Amino acid sequence: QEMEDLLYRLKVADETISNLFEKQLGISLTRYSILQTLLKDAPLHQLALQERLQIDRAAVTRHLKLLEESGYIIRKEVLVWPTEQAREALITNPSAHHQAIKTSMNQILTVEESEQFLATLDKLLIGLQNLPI
Amino acid sequence: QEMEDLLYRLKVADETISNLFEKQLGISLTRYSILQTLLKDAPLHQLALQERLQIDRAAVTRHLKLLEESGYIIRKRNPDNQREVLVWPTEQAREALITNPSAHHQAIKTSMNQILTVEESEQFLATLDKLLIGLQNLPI
């Protein structure tokens, strides 16, 4: 009843968030997280990339294919690295628009209300995953 | 990098929830909301549903076609205004969700209602709106 309305509002929020994210940063939310994971701790196997981001094999292959096509990752038992373009685009030399977006996003919520949001999100998922039979 | 992860965790949660909800209740989250809305507030025009659900005409047309084909809704013309079309729930829809739910569906409904308290539920939605408002107000 009220629980169903919370889940639906979360679906509408995700769809709005994902569209806004891709328009402002030029990369989808999922593909942006792939690059963040690679830039922090690379190289990684694509099986490990499926685990860390929680997506199936068919999905990861599609994400990584678009990422290599757009010059952000390279693949050589399949290892995956971020390119120099990715490190520059996200970390060492981002555009003024991306710096202004990134800085503005991190100030939307405080650390307390951000931590409480993720705490409730995990409590919700655990409850839903623990439902009868 | 902290905010970008939260948004991604919110996406993964949504995808996981949507799949679980459809399997557990036998109806997708969006189509289930359409029926809940219709069982409370029918008759409703297709346009009203688009605004309430925050989805375009193509999406609602798909949802309503699926619900109509499976016997959960009907679309009938107003006898006084023949070209006006009104959406209604069926007896099957009221039975499936409210008056004759399967033992499993009743157990899922009750279990879902006791996951989060009313306070942490309302605080979550408040933080969600504050997040949406902030993303909408980003430069350009």
Side-chain angles (χ1 to χ4, degrees), chain A residues 1-14 16-18 20-21 23-25 28-30 32-34 36 39-40 53-55 90-91 96-97 100-102 104-109 111 113-133, chain B residues 1-10 12-18 20-21 23-25 28-30 32-33 36-37 40 53-55 103-104 106-118 120-121 123-140:
Chain A
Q1 31 269 214
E2 288 72 37
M3 174 49 59
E4 203 284 324
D5 191 49
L6 180 150
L7 297 173
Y8 188 74
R9 289 171 62 175
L10 180 51
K11 190 204 175 203
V12 179
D14 184 35
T16 308
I17 288 167
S18 67
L20 276 39
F21 192 92
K23 287 188 186 66
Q24 295 288 9
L25 297 300
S28 75
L29 187 58
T30 302
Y32 193 93
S33 299
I34 289 177
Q36 282 191 143
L39 292 166
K40 184 176 183 296
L53 282 73
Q54 300 178 326
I55 45 173
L90 282 58
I91 306 294
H97 180 74
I101 287 288
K102 283 163 49 277
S104 185
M105 312 203 226
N106 292 310
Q107 63 174 128
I108 296 175
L109 297 178
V111 176
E113 70 195 351
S114 180
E115 285 170 355
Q116 184 59 238
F117 184 82
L118 295 173
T120 303
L121 186 67
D122 292 6
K123 186 176 183 182
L124 184 60
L125 283 171
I126 289 292
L128 294 168
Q129 288 172 314
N130 298 351
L131 292 166
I133 196 173
Chain B
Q1 304 187 27
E2 297 166 321
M3 179 51 68
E4 294 84 352
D5 183 37
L6 175 153
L7 299 176
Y8 183 71
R9 290 171 66 177
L10 196 60
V12 178
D14 183 41
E15 291 181 359
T16 296
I17 289 161
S18 56
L20 277 47
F21 190 98
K23 290 178 173 48
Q24 292 284 29
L25 289 300
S28 74
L29 187 61
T30 310
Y32 194 99
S33 304
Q36 271 191 332
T37 299
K40 190 183 173 182
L53 281 57
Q54 290 286 299
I55 54 174
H104 178 72
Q106 279 204 332
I108 293 292
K109 285 156 61 189
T110 303
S111 187
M112 282 185 174
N113 295 336
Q114 67 190 35
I115 299 180
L116 295 182
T117 65
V118 182
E120 69 198 334
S121 176
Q123 188 69 356
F124 182 86
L125 293 175
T127 298
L128 187 61
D129 296 3
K130 187 176 182 177
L131 182 57
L132 283 170
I133 292 164
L135 289 170
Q136 288 288 149
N137 300 8
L138 290 169
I140 97 183

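Labels below follow one simple rule: chain letters A, B, ... track the order of the sequence lines, proteins then strands, and each chain is numbered from 1. Heavy-atom basis, side chains included; hydrogens, waters and symmetry copies ignored.
For the pair A:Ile91/B:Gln1, a side-chain contact is recorded, criterion being any heavy-atom separation below 4.5 Å from C-beta on.
Separation of atoms CG (B:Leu128) and CG (A:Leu109) is listed at 10.0 Å; rounding is to 0.5 Å. Here the straight-line distance linking atom CZ of A:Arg9 with atom CD of B:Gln54 works out to 11.5 Å at 0.5 Å rounding. Here CG of A:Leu7 is found 10.0 Å from OG of B:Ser18. Values are rounded to the nearest 0.5 Å. Within the model, atoms CG of B:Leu6 and CD1 of A:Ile17 stand 8.0 Å from one another, a figure rounded to the nearest 0.5 Å. Atoms CD and CG, on A:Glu4 and B:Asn113 in that order, are 10.5 Å from each other to the nearest 0.5 Å.
In terms of heavy-atom pairs under 4.5 angstrom with chain A, the leader among B:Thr30, B:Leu25, B:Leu20 is B:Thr30. Annotation: maximal heavy-atom pairing with chain B below 4.5 Å, among A:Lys102, A:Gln24, A:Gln107, occurs at A:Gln24.
Taking each heavy atom of A:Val12 and B:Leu53 in turn, the nearest pair found is CG2-O, 3.7 Å.
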Show me the side-chain donor-acceptor pairs of residues 130-140 of chain B shorter than 3.5 Å, one per line, residues at least two apart or across chains.
from, atom 1, to, atom 2, distance (Å)
B:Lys130, NZ, A:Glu113, OE1, 3.2
B:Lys130, NZ, A:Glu113, OE2, 2.9

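Residue contact with chain A, scored on non-hydrogen atoms closer than 4.5 Å, involves the side chain of B:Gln36 exclusively. For B:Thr37, no part lies near chain A; criterion is any non-hydrogen pair under 4.5 Å. Using a 4.5 Å cut-off between heavy atoms, B:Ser111 touches chain A through backbone and side chain atoms alike.
Between the side chain of B:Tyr8 and the main chain of A:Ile34, no donor-acceptor pair closer than 3.5 Å is present.
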